[PDB]
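An experimental structure, sequence included, is below.
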Amino acid sequence: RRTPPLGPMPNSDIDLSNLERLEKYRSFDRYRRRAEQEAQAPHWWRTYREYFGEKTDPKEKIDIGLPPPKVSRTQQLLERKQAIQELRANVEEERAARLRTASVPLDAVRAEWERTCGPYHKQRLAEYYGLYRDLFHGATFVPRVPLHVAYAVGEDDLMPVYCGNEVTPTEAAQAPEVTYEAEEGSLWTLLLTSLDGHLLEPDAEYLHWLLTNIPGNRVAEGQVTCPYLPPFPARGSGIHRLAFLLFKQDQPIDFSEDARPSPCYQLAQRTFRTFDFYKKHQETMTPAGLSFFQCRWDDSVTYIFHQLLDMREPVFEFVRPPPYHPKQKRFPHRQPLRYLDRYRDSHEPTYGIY
Amino acid sequence: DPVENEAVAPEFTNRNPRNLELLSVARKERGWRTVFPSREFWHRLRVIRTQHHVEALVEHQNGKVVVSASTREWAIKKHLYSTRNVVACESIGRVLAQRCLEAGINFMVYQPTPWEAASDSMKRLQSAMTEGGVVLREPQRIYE
Amino acid sequence: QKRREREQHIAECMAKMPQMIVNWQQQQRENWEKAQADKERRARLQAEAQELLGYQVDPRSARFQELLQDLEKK
Amino acid sequence: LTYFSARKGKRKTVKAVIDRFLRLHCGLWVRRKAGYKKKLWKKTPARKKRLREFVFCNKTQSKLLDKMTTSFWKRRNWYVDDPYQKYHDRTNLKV
Amino acid sequence: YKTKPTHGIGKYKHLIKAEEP
Amino acid sequence: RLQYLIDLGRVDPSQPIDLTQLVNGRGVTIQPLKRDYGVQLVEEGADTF
Amino acid sequence: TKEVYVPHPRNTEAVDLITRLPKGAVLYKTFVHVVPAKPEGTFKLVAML
Amino acid sequence: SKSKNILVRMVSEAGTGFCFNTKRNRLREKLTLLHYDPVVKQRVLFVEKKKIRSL
Amino acid sequence: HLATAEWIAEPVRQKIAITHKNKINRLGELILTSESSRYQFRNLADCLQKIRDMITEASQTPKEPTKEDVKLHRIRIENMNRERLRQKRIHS
RNA sequence: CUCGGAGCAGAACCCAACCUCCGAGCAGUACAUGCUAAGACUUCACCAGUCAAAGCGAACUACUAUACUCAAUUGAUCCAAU
Ligand SMILES: [K+]
Ligand SMILES: [Mg+2]
Ligand SMILES: [Mg+2]
């Protein structure tokens, strides 16, 4: 019995007639490159991607961010070509590149990167960390506005918050320094949330900081809707991820319903879901910036539960499933003597009635 | 008598993809012994160098790309005489290491071929990544 | 007493092992060197033939080995 | 087997079973592997590892070995510091 | 499997020159 | 077992308890012909004892 | 499943075969997988200090 | 069935008394290996003492 | 209670409230559990012996370079790389 | 007269004839071919045989290394030697 293929087979296009007059591969890297192309294509037969691939929806994730900038490609391309000619004309750059002693300045690469393609990288990174999925239920946005956050540790040092770098609760005990480029007359809204910190509800999040109606770049002038509260990742709970969200307001907004007392050491008021927050303010508010870090437990977290929150520190533990053992049989034929220890609860001798 | 803030659930739900990778208890995709390359990793450094450019990628075993560094982007191209030379490869590692620390990526495997590993351009890209603080071997998974 | 004498004999022979291993490692490289040198000698004997292959290819090597032995005796 | 001896009129015990097997009070019989001291230079460590393991016997074997031995070898003993003391009783066994 | 539509997907020797001394 | 024998009066704790008093109270059953050398006091039931 | 077969470069017999294939051909082979059912573990509350 | 090789007994030099049997070619000098000695829990030199049989 | 307890040397109490700080509750008590036996006797004996081991480690003053744990080797790399991301104020 | 491969036996397993063909009774490289241990296959019984995660201990930053290549490459109990 035979069934006809449900579609074109892999190597059908090849002509077998002039098999001696066909370009071969001749190399392993040239076959490997074609083999990766056909591995990332849809097929009618069963594939590893079907059973393990991360399922996605056909509905393209909507964009809720700011519009892109408008740039003249022709005038841009012209300036870039000219600069390369000048750089290549210098014989000292040719000699350094031939002797393998040249190097690029890492500080200038990052300043231009943050302007051109940093937002798209930060977006790709946030999708990997699962921020859009949890915060906005799949909706995406490009962070057009670079958000520079940094925690003051001591009097001379700074711990920069980028996109997933580790930061301790000891360094994050006091509010950070937030700077971002904005025009005069604009209104913004900052926000800090713990996606994984919640102790009771999985889906919910804790609100750590909320500043509303910020004029321009001056963060202090902004109203303090929710005071700063340091992260308190429980012990044995893993690594958490806190996100700084920057919204661009179109007009002055009233956050009376989202207001929280000063201080707010109750975890039921701190509870907060970003999706609902933005959904009722999406008409007048738009996401513009993003930054996040990862946090573990340290000794300072015990000071937060005891003193600030006036509660007992919860301690978790990673527990694994109990090992599998087949059903014990009366005559375990050919099994070693230690077969009986696998079904034994206690290790101390028993004596029964005696 | 009871307290509201002491209401904690018995089981803790952490939704962070890297929580178990960073605790070294997340399972690696073992297998694939008769083919190349392997899959028993969490993050992988993949280098793509064309006739004109050089590209380095850090991607997860699931396929997603975490961070990247290419000579196609103006930021790096405006400072290089040649995008296809050894210097470019050495400079792509200095830029990628700086971006992997910011993302939080400190370990990753590198699966080169015998001729790629012996090349002076790949020897300088690894040295540049290590000098940046990235380790080219992942820690062993914890099973017990 | 028997458990003490044996524990000392074991601790008395392990004090020489670090040096014994080194001396043994040297002998291996010494003997290993001869293997590489022996191959070179054989290759030279073939070049002396100068592509004059045939039945008289085995005995030619024997003639020259005898010469090497004479040099060692002297 | 001798079912009725000519002097006592009682069943005898086969002493070839007593020199090879051990009976746990539960009814299990433990033995060695045939060939755990033969030609170890041509066998692998994995094969040698499972050759020096003490294994159990099946129902048919254990029923035979119980017929080839008398009741004296099925009694509960309380030897001092016996290595098999914990194996003389089953735990969490159903059916 | 012979009855399945994806039978013969692993065939490779018809793409190679017949080299049989 | 020992505490059970004492709560029922089968072994009196007011006098020294030896191997004979245990047998007379049917607390143990010694088989000297079966290479028995006595009784071993085990720790089972130590908490309630 | 049916997946694309890429041999290891050290393996000479298989690498001497793909270098003789026409450009555009790809080799396929049948692979068997195990899709895990249970997670590595769970975080459980064990104490309130 | 020409006996090309033989089975020999390699004895440790640490005096532990641990020994193992290995196969070596007949026309060859006595072996001096560096095998693991479980008694002292580290690699130690061994030496051929006596031949067991002819393979 | 660790501090109130006066049958331990003063410097030891401070040395014990740092090492075994994860076994101390909010009130200040040092808790020691053990469930490795059926008999309450043996379980208590294990807990008591843990205290005798705490008072010895704190008094021995051991400062020898013990072996590093394998689970703690990636945290040493993580911390090291978290210090080179640290920056100084432009104008201090 | 024992063992292994192929056909008969086309596609899970199994399948005979004093049926049709080809072979085996080794060799070579290592000297961690060290210890231990979940879970499994099994020549239609038993005996025997086989594959193995984790772990200890090593090795390691190159070696498709962490159960060597190799198809079969073989012999129970008692007993003897030690
Ligand atoms: K949670
Ligand atoms: Mg069977
Ligand atoms: Mg293993």
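Received the coordinates, thanks. Numbering: from 1, shown residues only, chains lettered A, B, ... in the order given. Ligands and ions are numbered 1, 2, ... in the order given.

from here on, contacts and neighbour counts on C-alpha atoms
Noted.

which SS state does the closest residue to residue H:33 other than its chain neighbours fall under?
Take residue H:33 and drop its neighbours on the chain: the residue closest to it by C-alpha to C-alpha, 6 or more residues apart in numbering or on different chains is residue H:46, 5.2 Å away. Here residue H:46 is strand, with the state taken from DSSP: H, G, I helix; E, B strand; the rest coil.

Next up, phi/psi of the residue in chain H that chain F sits nearest to, please.
Chain H approaches chain F most closely through residue H:39 (37.0 Å), counting by C-alpha to the nearest C-alpha. Backbone geometry at residue H:39, expressed as degrees, to the nearest 10, gives phi -60, psi -50.

Counting neighbours, what do you get for the closest residue in space to it that isn't next to it in sequence?
Spatial nearest neighbour of residue H:39, chain neighbours left out: residue H:16 (6.7 Å); criterion: C-alpha to C-alpha, 6+ apart. Residue H:16 is flanked by 18 other residues according to other C-alpha atoms under 10 Å in any protein chain shown.

tell me the helices in chain C, going along the chain?
C:2-13, C:17-49, C:58-73 (DSSP state H).

Which of those sits closest to chain B?
Closest among the helices of chain C, once you apply C-alpha to the nearest C-alpha, is helix C:17-49, at 26.6 Å.

right, is the closest one up against chain H?
Yes. If you take C-alpha under 8 Å from any C-alpha of the partner chain as the test, helix C:17-49 does meet chain H, through C:17, C:20-21.

still on that earlier bit, thought the residue nearest to residue H:39 was touching residue C:8?
No. Residue H:16 is not in contact with residue C:8 according to C-alpha atoms under 8 Å; the separation is 10.5 Å.

thinking again about what came up before, among the helices of chain C, which is nearest residue A:12?
helix C:17-49 (53.3 Å; C-alpha to C-alpha).

and the angle from the closest one to helix C:58-73?
130 degrees (axes from the mean of the first three to the mean of the last three C-alpha atoms, to 10 degrees).

Report the buried residues of helix C:17-49.
C:17, C:20-21, C:24, C:45-46 (16 or more other C-alpha atoms under 10 Å in any protein chain shown).

helices or strands next to it in the packing?
Helix C:17-49 sits against helix C:58-73, strand H:42-54, with contacts defined as 3 or more C-alpha pairs under 8 Å, 6 or more residues apart in numbering or on different chains; DSSP states H and E.

hmm, that helix in reach of RNA strand J?
No. Using C-alpha under 7 Å from any atom of the strand, helix C:17-49 never reaches RNA strand J; the gap is at least 10.9 Å.

quick one, strands of the stretch 51-200 of chain A?
Using DSSP state E, counting those that start in this stretch, the strands assigned to the stretch 51-200 of chain A run over residues A:148-153, A:157-161, A:163-166, A:177-179, A:187-194.

Quick one, which of these gets closest to chain F.
strand A:187-194 (49.4 Å).

next one: the closest one to chain centre, how far?
Its chain's average C-alpha position is 17 Å from that of strand A:187-194, according to C-alpha atoms, centre = their mean, to the nearest Å.

Just checking: what are the partner strands of it?
strand A:205-215 (antiparallel), strand A:240-249 (antiparallel) (DSSP bridges).

Dump those strands into TSV; add mean neighbour count as well.
Listed next are the strands paired with strand A:187-194 as TSV, based on neighbours: other C-alpha atoms under 10 Å in any protein chain shown:
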stretch	mean neighbour count
strand A:205-215	23
strand A:240-249	24
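
now the ones you listed in CSV, with distance to RNA strand J?
Compiled in CSV, the strands paired with strand A:187-194 are given as follows (distance: least, C-alpha to the nearest atom of the strand, whole Å):
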stretch, distance to RNA strand J
strand A:205-215, 35
strand A:240-249, 26
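
would you list these in TSV and tack on distance to residue G:18?
Output for the strands paired with strand A:187-194, formatted as TSV (distance: least, C-alpha to C-alpha, whole Å):
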stretch	distance to residue G:18
strand A:205-215	53
strand A:240-249	46
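
now for these, which one comes closest to residue A:122?
Comparing those by C-alpha to C-alpha, strand A:240-249 comes nearest, at 12.4 Å.

CA atoms only: put the following helix or strand past that closest one into CSV for me.
Toward the C-terminal end, the helix or strand that comes next after strand A:240-249 (DSSP states H and E) is helix A:267-270. Provided in CSV are the C-alpha atoms of helix A:267-270 (Å, rounded to 0.1, in the frame of the first residue of the first chain):
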residue,chain,number,x,y,z
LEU,A,267,0.7,44.7,50.0
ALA,A,268,-3.0,44.8,49.1
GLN,A,269,-2.8,48.4,48.0
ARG,A,270,0.6,47.9,46.4
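
Pull the residues that contact helix A:267-270.
A:206-208, A:260, A:264, B:5 (C-alpha atoms under 8 Å, 6 or more residues apart in numbering or on different chains).

buried ones in it?
For helix A:267-270, a neighbour-count test (16+ other C-alpha under 10 Å) marks A:267, A:270 as buried.

Can you list the residue ranges for helices in the chain?
Using chain A. Under DSSP H, chain A gives helices at A:28-39, A:48-52, A:73-89, A:91-99, A:106-116, A:118-129, A:131-136, A:267-270, A:274-279, A:300-303.

was after chain I, sorry
Under DSSP H, chain I gives helices at I:10-19, I:40-60, I:73-83.

Next, the angle from the last one to strand A:157-161.
Helix I:73-83 and strand A:157-161 are oriented at 110 degrees to each other (the same axes, to 10 degrees).

quick one: helix I:73-83 to chain centroid distance?
21 Å.

got the buried residues for it?
Going by 16+ other C-alpha under 10 Å, helix I:73-83 has these buried residues: I:74, I:78, I:81-82.

mind giving me TSV with the residues you listed and columns for distance to ligand 1?
Shown next, in TSV, are those (distance: C-alpha to the ion, whole Å):
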residue	distance to ligand 1
I:74	24
I:78	24
I:81	27
I:82	25
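
Which one of those residues is nearest to residue A:244?
Among the buried residues of helix I:73-83, and counting by C-alpha to C-alpha, the member closest to residue A:244 is residue I:82, at 19.4 Å.

The nearest residue to that closest one once chain neighbours are set aside: neighbouring residues, count only.
Distances taken as C-alpha to C-alpha, 6+ apart place residue A:166 nearest to residue I:82, at 6.8 Å, with adjacent residues excluded. Counted with other C-alpha under 10 Å, residues neighbouring residue A:166 total 27.

Run a quick check on residue A:166 versus residue A:297, I expect a contact.
No. At 11.3 Å, residue A:166 does not count as touching residue A:297 under the criterion of C-alpha under 8 Å.

if I look at the residue of chain F found nearest chain G, how far off is chain E?
Closest contact between chain F and chain G, by C-alpha to the nearest C-alpha, is at residue F:47 (27.1 Å). For residue F:47, the distance to chain E (C-alpha to the nearest C-alpha, to the nearest Å) stands at 67 Å.

cool, and residue B:39?
From residue B:39 to chain E the distance is 23 Å (C-alpha to the nearest C-alpha).

got it, and residue A:80?
From residue A:80 to chain E the distance is 48 Å (C-alpha to the nearest C-alpha).

quick one: the residue nearest the centre of chain C from residue C:72, how far?
For chain C, the residue nearest the mean C-alpha position is residue C:31 (3.1 Å; C-alpha atoms, centre = their mean). Distance, residue C:31 to residue C:72, using C-alpha to C-alpha, to the nearest Å: 18 Å.
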